[PDB]
>>> print(open('upload_4.pdb').read())   # PDB, C-alpha atoms
ATOM      1  CA  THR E1074      -1.419 -15.350 -13.837
ATOM      2  CA  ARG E1075      -2.070 -15.421 -10.064
ATOM      3  CA  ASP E1076      -5.131 -13.476  -8.904
ATOM      4  CA  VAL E1077      -4.110 -10.919  -6.275
ATOM      5  CA  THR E1078      -7.508  -9.375  -5.520
ATOM      6  CA  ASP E1079      -8.209 -10.175  -1.889
ATOM      7  CA  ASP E1080      -4.759  -8.902  -1.065
ATOM      8  CA  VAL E1081      -5.272  -5.644  -2.925
ATOM      9  CA  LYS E1082      -8.595  -5.186  -1.176
ATOM     10  CA  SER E1083      -6.952  -5.333   2.236
ATOM     11  CA  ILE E1084      -3.834  -3.423   1.190
ATOM     12  CA  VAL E1085      -6.234  -0.704   0.107
ATOM     13  CA  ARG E1086      -8.381  -0.892   3.194
ATOM     14  CA  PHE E1087      -5.146  -0.786   5.190
ATOM     15  CA  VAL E1088      -3.610   2.234   3.497
ATOM     16  CA  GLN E1089      -6.798   4.161   4.138
ATOM     17  CA  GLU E1090      -7.157   2.970   7.719
ATOM     18  CA  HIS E1091      -3.821   4.632   8.513
ATOM     19  CA  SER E1092      -4.985   7.935   7.002
ATOM     20  CA  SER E1093      -7.498   9.106   9.573
ATOM     21  CA  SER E1094      -8.613   8.584  13.150
ATOM     22  CA  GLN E1095     -11.955   7.073  12.173
ATOM     23  CA  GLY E1096     -14.184   6.988  15.231
ATOM     24  CA  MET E1097     -13.371  10.104  17.260
ATOM     25  CA  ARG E1098     -15.571  13.087  16.309
ATOM     26  CA  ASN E1099     -12.709  15.063  14.740
ATOM     27  CA  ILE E1100     -11.902  12.620  11.910
ATOM     28  CA  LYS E1101      -8.278  13.867  11.937
ATOM     29  CA  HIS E1102      -6.008  13.023   8.986
ATOM     30  CA  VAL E1103      -2.501  11.501   9.002
ATOM     31  CA  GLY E1104       0.492  12.029   6.734
ATOM     32  CA  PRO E1105       2.535  13.241   5.033
ATOM     33  CA  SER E1106       4.862  12.050   7.772
ATOM     34  CA  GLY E1107       2.407   9.378   8.933
ATOM     35  CA  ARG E1108       2.147   7.925   5.455
ATOM     36  CA  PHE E1109       3.963   4.909   4.087
ATOM     37  CA  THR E1110       6.701   4.821   1.488
ATOM     38  CA  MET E1111       6.214   1.941  -0.934
ATOM     39  CA  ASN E1112       8.979   0.105   0.934
ATOM     40  CA  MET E1113       7.386   0.513   4.348
ATOM     41  CA  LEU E1114       4.298  -1.034   2.801
ATOM     42  CA  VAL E1115       6.340  -3.787   1.200
ATOM     43  CA  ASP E1116       8.167  -4.376   4.559
ATOM     44  CA  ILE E1117       4.848  -4.487   6.425
ATOM     45  CA  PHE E1118       3.269  -6.736   3.833
ATOM     46  CA  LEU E1119       6.273  -9.098   3.775
ATOM     47  CA  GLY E1120       5.994  -9.634   7.539
ATOM     48  CA  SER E1121       9.399  -7.886   7.876
ATOM     49  CA  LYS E1122      10.401  -6.983  11.395
ATOM     50  CA  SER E1123      11.427  -3.500  10.427
ATOM     51  CA  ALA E1124       7.764  -2.923   9.689
ATOM     52  CA  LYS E1125       6.533   0.356  11.179
ATOM     53  CA  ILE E1126       3.160  -1.259  11.732
ATOM     54  CA  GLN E1127       2.842  -4.929  12.597
ATOM     55  CA  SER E1128      -0.885  -5.518  12.527
ATOM     56  CA  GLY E1129      -3.457  -5.221   9.712
ATOM     57  CA  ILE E1130      -1.748  -6.692   6.642
ATOM     58  CA  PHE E1131       1.418  -7.497   8.556
ATOM     59  CA  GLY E1132       1.744 -11.151   7.681
ATOM     60  CA  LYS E1133      -0.179 -11.287   4.408
ATOM     61  CA  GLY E1134       2.747 -11.288   1.963
ATOM     62  CA  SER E1135       4.469 -14.367   3.396
ATOM     63  CA  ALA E1136       3.898 -16.220   0.101
ATOM     64  CA  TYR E1137       5.542 -13.512  -2.014
ATOM     65  CA  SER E1138       9.188 -13.173  -2.883
ATOM     66  CA  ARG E1139      10.508  -9.745  -1.909
ATOM     67  CA  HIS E1140      10.978  -9.178  -5.632
ATOM     68  CA  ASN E1141       7.337  -9.944  -6.404
ATOM     69  CA  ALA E1142       5.882  -8.102  -3.419
ATOM     70  CA  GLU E1143       7.597  -5.007  -4.828
ATOM     71  CA  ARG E1144       6.297  -5.530  -8.332
ATOM     72  CA  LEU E1145       2.801  -6.010  -6.909
ATOM     73  CA  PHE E1146       3.051  -2.522  -5.416
ATOM     74  CA  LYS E1147       4.752  -0.992  -8.434
ATOM     75  CA  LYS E1148       1.745  -2.288 -10.329
ATOM     76  CA  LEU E1149      -0.945  -1.152  -7.882
ATOM     77  CA  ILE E1150       0.467   2.369  -8.347
ATOM     78  CA  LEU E1151       0.623   1.991 -12.114
ATOM     79  CA  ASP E1152      -3.053   0.939 -12.031
ATOM     80  CA  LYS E1153      -3.904   4.078 -10.077
ATOM     81  CA  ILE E1154      -5.250   1.810  -7.305
ATOM     82  CA  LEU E1155      -2.525   3.318  -5.172
ATOM     83  CA  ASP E1156      -0.783   6.580  -5.866
ATOM     84  CA  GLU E1157       2.167   8.470  -4.451
ATOM     85  CA  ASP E1158       2.813  12.174  -3.943
ATOM     86  CA  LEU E1159       5.995  13.741  -2.520
ATOM     87  CA  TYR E1160       6.829  14.951   0.970
ATOM     88  CA  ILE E1161       9.639  17.334   1.864
ATOM     89  CA  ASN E1162      11.054  17.222   5.397
ATOM     90  CA  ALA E1163      12.960  20.084   7.097
ATOM     91  CA  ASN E1164      16.304  18.701   5.971
ATOM     92  CA  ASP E1165      14.893  19.394   2.459
ATOM     93  CA  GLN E1166      14.568  15.815   1.270
ATOM     94  CA  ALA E1167      11.912  14.659  -1.164
ATOM     95  CA  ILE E1168      10.243  11.490   0.038
ATOM     96  CA  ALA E1169       7.551   9.703  -1.978
ATOM     97  CA  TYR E1170       4.651   8.406   0.073
ATOM     98  CA  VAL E1171       1.733   6.199  -0.966
ATOM     99  CA  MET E1172      -1.978   7.070  -0.899
ATOM    100  CA  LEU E1173      -5.121   5.656  -2.532
ATOM    101  CA  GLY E1174      -5.737   6.364  -6.213
ATOM    102  CA  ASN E1175      -8.956   6.933  -8.170
ATOM    103  CA  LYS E1176      -9.595   3.248  -8.823
ATOM    104  CA  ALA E1177      -9.084   1.994  -5.296
ATOM    105  CA  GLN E1178     -12.760   2.346  -4.360
ATOM    106  CA  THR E1179     -13.483   0.268  -7.443
ATOM    107  CA  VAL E1180     -11.480  -2.738  -6.251
ATOM    108  CA  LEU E1181     -13.231  -2.364  -2.898
ATOM    109  CA  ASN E1182     -16.577  -2.769  -4.603
ATOM    110  CA  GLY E1183     -15.347  -5.947  -6.288
ATOM    111  CA  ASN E1184     -16.088  -4.135  -9.550
ATOM    112  CA  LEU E1185     -12.434  -4.686 -10.403
ATOM    113  CA  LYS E1186     -10.368  -7.844 -10.103
ATOM    114  CA  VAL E1187      -6.589  -7.559 -10.048
ATOM    115  CA  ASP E1188      -4.233 -10.034 -11.662
ATOM    116  CA  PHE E1189      -0.506 -10.293 -11.198
ATOM    117  CA  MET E1190       2.256 -12.104 -13.085
ATOM    118  CA  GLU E1191       4.843 -13.649 -10.733
ATOM    119  CA  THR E1192       8.409 -12.972 -11.947
ATOM    120  CA  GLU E1193      11.809 -14.469 -11.072
ATOM    121  CA  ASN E1194      15.173 -12.831 -10.322
TER     122      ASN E1194
END
>>> encode(input="upload_4.pdb", output="structure tokens")
Amino acid sequence: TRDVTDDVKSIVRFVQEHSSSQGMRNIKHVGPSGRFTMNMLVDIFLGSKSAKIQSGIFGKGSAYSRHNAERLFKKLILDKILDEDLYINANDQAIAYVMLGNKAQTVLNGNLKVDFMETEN
């Protein structure tokens, strides 16, 4: 139904912005600890105030129900636009963090439009 392309473009650009220290010579990489769980991304997107980061795509999702914002991310993973590997902290917990998938660069080149079906409940 609703076209969610410009949002995916920026969600993608965002995710990758918080992956390296672009600029400084040593293009240092972030994560696994400096990576976002799908919820942290949903919280950031949905302008939540528990958002770890409150810039970039911080206010974007203000027109999405929390339910739908989640499904939009569940989908972006499903579509390999965003992917998630696992992290294991010292307390021996397995945490799933999000990263870009082989299809993200596509959406960035407009070569791929994304569509989303808004759901209730």
>>> residues_near_point(input="upload_4.pdb", point="(-6.4, 6.4, 6.1)", cutoff="9 Å", atoms="all atoms listed in the file", output="short mmCIF file (atom, residue, chain, number, x, y, z; two decimals) with C-alpha atoms, keeping the file's coordinate frame")
data_model
loop_
_atom_site.label_atom_id
_atom_site.label_comp_id
_atom_site.auth_asym_id
_atom_site.auth_seq_id
_atom_site.Cartn_x
_atom_site.Cartn_y
_atom_site.Cartn_z
CA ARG E 1086 -8.38 -0.89 3.19
CA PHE E 1087 -5.15 -0.79 5.19
CA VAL E 1088 -3.61 2.23 3.50
CA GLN E 1089 -6.80 4.16 4.14
CA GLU E 1090 -7.16 2.97 7.72
CA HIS E 1091 -3.82 4.63 8.51
CA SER E 1092 -4.99 7.94 7.00
CA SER E 1093 -7.50 9.11 9.57
CA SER E 1094 -8.61 8.58 13.15
CA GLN E 1095 -11.96 7.07 12.17
CA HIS E 1102 -6.01 13.02 8.99
CA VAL E 1103 -2.50 11.50 9.00
CA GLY E 1104 0.49 12.03 6.73
CA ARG E 1108 2.15 7.92 5.46
CA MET E 1172 -1.98 7.07 -0.90
CA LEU E 1173 -5.12 5.66 -2.53
#
>>> residues_around(input="upload_4.pdb", residues="residue E:1118", least_positions_apart="3", cutoff="7 Å", atoms="only C-alpha atoms", output="JSON, numbers by chain")
{"E": [1114, 1115, 1130, 1131, 1132, 1133, 1134]}
>>> closest_residue(input="upload_4.pdb", among="E:1185, E:1127, E:1154, E:1139", to="residue E:1085", atoms="all atoms listed in the file")
E:1154
>>> atom_distance(input="upload_4.pdb", atom1="atom CA of residue E:1121", atom2="atom CA of residue E:1169")
20.2 Å
>>> closest_residue(input="upload_4.pdb", among="E:1119, E:1155, E:1113, E:1190", to="residue E:1175", atoms="all atoms listed in the file")
E:1155
>>> decode(input="upload_4.pdb", residues="stretch 1081-1112 of chain E", atoms="N, CA, C and O atoms", output="short mmCIF file (atom, residue, chain, number, x, y, z; two decimals), in the first residue's frame")
data_model
loop_
_atom_site.label_atom_id
_atom_site.label_comp_id
_atom_site.auth_asym_id
_atom_site.auth_seq_id
_atom_site.Cartn_x
_atom_site.Cartn_y
_atom_site.Cartn_z
N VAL E 1081 13.25 4.23 4.00
CA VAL E 1081 14.23 3.17 3.96
C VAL E 1081 15.58 3.69 3.53
O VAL E 1081 16.62 3.25 4.02
N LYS E 1082 15.58 4.65 2.62
CA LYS E 1082 16.83 5.22 2.14
C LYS E 1082 17.63 5.80 3.30
O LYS E 1082 18.82 5.51 3.44
N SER E 1083 16.95 6.61 4.11
CA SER E 1083 17.58 7.24 5.26
C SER E 1083 17.85 6.28 6.41
O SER E 1083 18.83 6.43 7.13
N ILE E 1084 16.98 5.28 6.60
CA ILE E 1084 17.22 4.32 7.66
C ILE E 1084 18.52 3.62 7.28
O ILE E 1084 19.38 3.38 8.12
N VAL E 1085 18.66 3.30 6.00
CA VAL E 1085 19.87 2.64 5.52
C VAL E 1085 21.07 3.54 5.68
O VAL E 1085 22.08 3.14 6.24
N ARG E 1086 20.96 4.75 5.17
CA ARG E 1086 22.08 5.67 5.27
C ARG E 1086 22.48 5.81 6.74
O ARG E 1086 23.66 5.83 7.08
N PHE E 1087 21.47 5.88 7.61
CA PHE E 1087 21.68 6.01 9.04
C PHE E 1087 22.48 4.83 9.57
O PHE E 1087 23.59 4.99 10.06
N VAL E 1088 21.90 3.63 9.48
CA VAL E 1088 22.57 2.44 9.96
C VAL E 1088 24.04 2.43 9.58
O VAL E 1088 24.89 2.13 10.40
N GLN E 1089 24.34 2.78 8.33
CA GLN E 1089 25.74 2.75 7.92
C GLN E 1089 26.55 3.93 8.42
O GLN E 1089 27.78 3.85 8.50
N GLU E 1090 25.90 5.03 8.76
CA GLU E 1090 26.63 6.18 9.27
C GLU E 1090 27.21 5.82 10.63
O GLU E 1090 28.34 6.19 10.96
N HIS E 1091 26.43 5.08 11.42
CA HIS E 1091 26.84 4.66 12.75
C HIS E 1091 27.60 3.33 12.75
O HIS E 1091 27.46 2.51 13.66
N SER E 1092 28.40 3.13 11.71
CA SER E 1092 29.20 1.92 11.54
C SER E 1092 30.67 2.24 11.47
O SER E 1092 31.51 1.40 11.76
N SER E 1093 30.99 3.46 11.05
CA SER E 1093 32.38 3.87 10.94
C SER E 1093 32.54 5.33 11.29
O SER E 1093 31.57 6.06 11.45
N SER E 1094 33.80 5.75 11.43
CA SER E 1094 34.12 7.13 11.76
C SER E 1094 34.51 7.84 10.48
O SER E 1094 35.59 8.44 10.40
N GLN E 1095 33.65 7.77 9.46
CA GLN E 1095 33.94 8.43 8.19
C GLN E 1095 34.53 9.81 8.45
O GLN E 1095 34.06 10.56 9.32
N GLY E 1096 35.59 10.13 7.71
CA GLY E 1096 36.26 11.40 7.88
C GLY E 1096 37.70 11.13 8.28
O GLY E 1096 38.58 11.05 7.43
N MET E 1097 37.92 10.97 9.59
CA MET E 1097 39.26 10.70 10.11
C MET E 1097 39.96 9.64 9.25
O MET E 1097 39.32 8.71 8.75
N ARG E 1098 41.27 9.81 9.06
CA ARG E 1098 42.08 8.89 8.26
C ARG E 1098 41.73 7.43 8.54
O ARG E 1098 41.29 6.70 7.64
N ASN E 1099 41.94 7.00 9.78
CA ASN E 1099 41.64 5.62 10.19
C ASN E 1099 40.12 5.45 10.19
O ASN E 1099 39.47 5.71 11.20
N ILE E 1100 39.54 5.03 9.06
CA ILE E 1100 38.09 4.82 9.01
C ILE E 1100 37.75 3.64 9.93
O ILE E 1100 37.48 2.53 9.47
N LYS E 1101 37.77 3.91 11.24
CA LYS E 1101 37.49 2.91 12.28
C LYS E 1101 36.04 2.43 12.22
O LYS E 1101 35.14 3.21 11.89
N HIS E 1102 35.83 1.16 12.56
CA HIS E 1102 34.49 0.56 12.53
C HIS E 1102 33.87 0.40 13.92
O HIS E 1102 34.58 0.17 14.91
N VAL E 1103 32.54 0.50 13.99
CA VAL E 1103 31.80 0.38 15.24
C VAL E 1103 31.22 -1.02 15.37
O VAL E 1103 31.44 -1.88 14.51
N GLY E 1104 30.47 -1.25 16.45
CA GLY E 1104 29.86 -2.55 16.68
C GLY E 1104 30.91 -3.54 17.13
O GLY E 1104 32.10 -3.22 17.08
N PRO E 1105 30.51 -4.73 17.60
CA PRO E 1105 29.13 -5.17 17.72
C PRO E 1105 28.38 -4.40 18.81
O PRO E 1105 27.18 -4.22 18.73
N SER E 1106 29.10 -3.95 19.82
CA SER E 1106 28.46 -3.22 20.90
C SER E 1106 27.88 -1.86 20.48
O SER E 1106 26.89 -1.39 21.07
N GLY E 1107 28.48 -1.24 19.46
CA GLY E 1107 28.00 0.05 18.99
C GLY E 1107 27.01 -0.08 17.85
O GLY E 1107 26.84 0.83 17.03
N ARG E 1108 26.35 -1.22 17.79
CA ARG E 1108 25.38 -1.49 16.74
C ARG E 1108 24.00 -1.43 17.36
O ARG E 1108 23.87 -1.52 18.57
N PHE E 1109 22.97 -1.30 16.55
CA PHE E 1109 21.63 -1.21 17.07
C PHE E 1109 20.83 -2.50 17.02
O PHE E 1109 20.93 -3.27 16.06
N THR E 1110 20.03 -2.75 18.05
CA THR E 1110 19.17 -3.91 18.03
C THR E 1110 18.00 -3.37 17.21
O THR E 1110 17.88 -2.16 17.04
N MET E 1111 17.15 -4.24 16.67
CA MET E 1111 16.03 -3.74 15.90
C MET E 1111 15.19 -2.77 16.73
O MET E 1111 14.66 -1.78 16.21
N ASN E 1112 15.06 -3.03 18.02
CA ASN E 1112 14.28 -2.16 18.88
C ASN E 1112 14.91 -0.79 19.06
O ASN E 1112 14.20 0.21 19.06
#
